[PDB]
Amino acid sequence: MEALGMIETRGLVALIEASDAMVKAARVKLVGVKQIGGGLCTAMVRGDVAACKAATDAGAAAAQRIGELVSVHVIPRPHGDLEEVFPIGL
């Protein structure tokens, strides 16, 4: 399965910038966004593991420049069950 990269920010503008930086940094698809309240929002990308790492590294740094980064994480081999509960599928 494709790897999963995620960036979480507090603020949508930082996430939109994170998302742009991600999809331009590597061969990843922006497959989902989720807001959970408290000002926290998450963007989800899929690609190969090396792609997700380069994508999320660019996006994290991009987000830090304009807003508040909360988390950045790659799961190389995300479990199939995750797709049913979170917006990570294509």
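Numbering starts at 1 and follows the sequence shown.
Higher average CA B factor: 78-86, of the stretches 11-19 and 78-86. The PDB entry assigns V31 a C-alpha temperature factor belonging to the highest third of its chain's modelled residues.
In the PDB entry, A62 places in the middle third of its chain by CA B-factor.
Compared with the other modelled residues of the chain, the Cα B-factor recorded for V49 ranks in the highest third. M1: CA B factor in the highest third of modelled residues in this chain (values from the PDB entry).
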